[PDB]
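Consider the single chain below, provided in structure tokens and representing the form deposited in one PDB entry.
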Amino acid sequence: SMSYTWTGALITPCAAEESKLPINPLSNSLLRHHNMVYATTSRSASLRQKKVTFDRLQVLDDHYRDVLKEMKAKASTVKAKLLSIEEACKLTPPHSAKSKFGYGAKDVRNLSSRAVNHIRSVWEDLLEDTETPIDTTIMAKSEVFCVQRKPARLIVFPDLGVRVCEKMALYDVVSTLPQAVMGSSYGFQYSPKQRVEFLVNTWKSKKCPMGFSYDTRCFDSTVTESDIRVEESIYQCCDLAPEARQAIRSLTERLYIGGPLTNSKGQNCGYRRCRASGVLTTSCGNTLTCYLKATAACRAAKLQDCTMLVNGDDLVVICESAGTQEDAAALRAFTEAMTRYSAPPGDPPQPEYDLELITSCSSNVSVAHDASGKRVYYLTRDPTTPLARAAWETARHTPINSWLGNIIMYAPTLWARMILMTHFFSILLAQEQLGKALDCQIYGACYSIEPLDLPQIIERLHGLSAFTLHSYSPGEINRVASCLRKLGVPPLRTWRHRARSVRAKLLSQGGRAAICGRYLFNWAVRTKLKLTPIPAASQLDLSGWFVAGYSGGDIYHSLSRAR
């Protein structure tokens, strides 16, 4: 069937859309080539619509059926809880899209009578009605990139009342089932340090390793009705409350498999028969579907001793090499099997014999040295998109601060330490906002974090070595330097000067600011301060940070205030 059908009504914006980076002194201090930075808008939605619309042909075989039964046997060990309306309300982000039914995210969080009554009515409707398609809104996503343009991605999501119901029926399932089924292959259970440990150990565990990333083109569009019912068959193996079983059955047929698309103006836009990006099951469903297809395709291809690592549609496989020619042929056999399963490739996969050459989750393993000179592996990435987005977030107030999430996840990197920490600490200190909580996203869930808490967060995530790395790889330094020239970012010497300046000011303030000066900016001085374990690090409640993925799932993981 066709992934989408369209009526001809346009994908519309709900307000004026900004496509150009503003010319602003604070953003200009970070990046001078402002014309290279853009944001996608509804103006390119028709180009995306063409790319995402196609017929799917899917053929399943014994390897697919065998792997599915293995997955269901593991899912059969799970007992999932139904969340109360109150618990599900608390998981709603404060800025989540308002309902069309007279209330918004703040009313949900406050347990307002109108919000709670409506959510209850939506829940009862899921229990009683197993067929009526649930409405969804289709919007063009606003995302920032550097030139060389990408058309906007399309986001599809149901009303706020339905989103709260999805949490009640499935939040516990999507949080616990993926690890029970996929074990060590489930990417979202790892912090960045644990992910690099798993990749390095897996690589080294092979006699003669070969690895590859597999890029599925327009993955959400390749997900078929059959895939979404297979995914439901795995969820149905859980022990579930009867109302949760019915809600999952009703959501599967009424929402997850497909449904009508409405634009921001209320016009009938078309019909979806593939994965919606903005529902609670997208991350878990994509991961399960990708894992299932790839595990079966590994068997079809006769790849030896595979270890996969999956996060949504992002897949990396590390295996035992059978020789150069044999590996090349086996990878072609894998791609053919994936294509039969409706997971055709974007970039054709290539065998890699060096762990550092593999990009998975847009990141690569690199090496630096700690204060003792010992090798430390860590994950890095090309900093172009992080810097372009940091420039946009400096010029405009954005709902999510990607710069803050990038400092958290990429804290050991040369670019996050020299550029991102320096830039934002300089601005926030001048604005007396170092202690002001900001929203960021980790594995798709929203968190409210004070920048002054970064040292203990980084210590917990990455270890104290994240504050002592030096002697970065020539390849990594070259990639950063080239990026700075391309974007017009001041050279590293300028960043060191700015860092020494903000470090002095932070130390002068005492308290949490002085801890930031000591740990975050020790790289900027010769006269190193002593770095000891931070008392706050061991008390941090990081429960729920690296458990599961929630991209598009409308999840907020920070604490709810008592009433």
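A residue's number is simply how far along the shown sequence it sits, counting from 1.
Participant: Between residue 148 and residue 149, count the deposited residues left without coordinates and pick a bin: none, 1 to 3, 4 to 9, 10 or more.
Facilitator: Going from residue 148 to residue 149, the model skips 4 to 9 residues of the deposited sequence.
Participant: Could you check which stretch, 401 to 409 or 476 to 484, carries the larger mean CA temperature factor in the entry?
Facilitator: 476 to 484 has the higher mean C-alpha B-factor.
Participant: If you average the CA temperature factors over each stretch, which comes out higher, 133 to 141 or 369 to 377?
Facilitator: If you average the C-alpha B-factors of 133 to 141 and of 369 to 377, the larger mean comes out for 369 to 377.
Participant: Checking the record values for 329, 248, 449, 294, which has the greatest CA B factor?
Facilitator: Each of 329, 248, 449, 294 was compared by C-alpha B-factor; the highest is 329.
Participant: In the PDB entry, which of 110, 185, 194, 465 has its C-alpha at the highest B-factor?
Facilitator: 110 has the highest C-alpha B-factor of those listed.
Participant: Is residue 499 in the lowest, middle or highest third of its chain when residues are ranked by C-alpha B-factor?
Facilitator: Lowest third of the chain for residue 499's C-alpha B-factor.
Participant: Please say which third, lowest, middle or highest, residue 10 falls into when its CA temperature factor is compared across its chain.
Facilitator: CA B-factor rank for residue 10: highest third.
Participant: In terms of the CA temperature factor given in the entry, to which third of its chain does residue 414 belong: lowest, middle or highest?
Facilitator: As the PDB entry reports it, the C-alpha B-factor of residue 414 lands in the lowest third of its chain.
Participant: By the record's CA B-factor, is residue 118 among the lowest, middle or highest third of residues in the chain?
Facilitator: Its C-alpha B-factor, which the entry lists for residue 118, ranks in the middle third among residues of this chain.
Participant: Based on the deposited C-alpha B factors for this chain, I'd like to know if residue 384 is in the lowest, middle or highest third.
Facilitator: Tercile = lowest for this residue's CA B-factor.
The discussion below concerns the form deposited with a small molecule bound, not included here.
Participant: Of 464, 492, 116, 82, which residue is found within 4.5 angstroms of the small molecule in the entry with it bound when only non-hydrogen atoms are counted?
Facilitator: Spelling it out, the residue with a heavy atom inside the cut-off is 492.
Participant: Heavy atom within 4.5 Å of the small molecule in the entry with it bound: which of 414, 301, 91, 126 fits that? Just give me the one.
Facilitator: Only one option qualifies, and that one is 414.
Participant: Using the partner position in the entry with it bound, report whether residue 480 sits within 4.5 Å of the small molecule, counting heavy atoms only.
Facilitator: Heavy-atom contact with the small molecule at 4.5 Å: present for residue 480.
Participant: Flag residue 101 as yes or no: does it have a non-hydrogen atom within 4.5 angstroms of any non-hydrogen atom of the small molecule in the entry with it bound?
Facilitator: It does not: once the small molecule is placed as it appears in the entry with it bound, residue 101 has no heavy atom within 4.5 Å of it.
Participant: Is there a heavy atom of residue 132 no more than 4.5 Å from a heavy atom of the small molecule in the entry with it bound?
Facilitator: Residue 132 lies outside the contact set for the small molecule.
Participant: Contact between residue 212 and the small molecule in the entry with it bound at 4.5 Å, heavy atoms?
Facilitator: Contact check for residue 212: no, nothing within 4.5 Å of the small molecule in the entry with it bound.
Participant: I need the one stretch from 170 to 178, 262 to 270, 464 to 472, 106 to 114 whose residues put non-hydrogen atoms within 4.5 angstroms of the small molecule in the entry with it bound.
Facilitator: In short, 464 to 472.
Participant: When you measure heavy atoms, are 418, 484 and 523 every one within 4.5 angstroms of the small molecule in the entry with it bound?
Facilitator: Checked in the entry with it bound: all three residues contact the small molecule.
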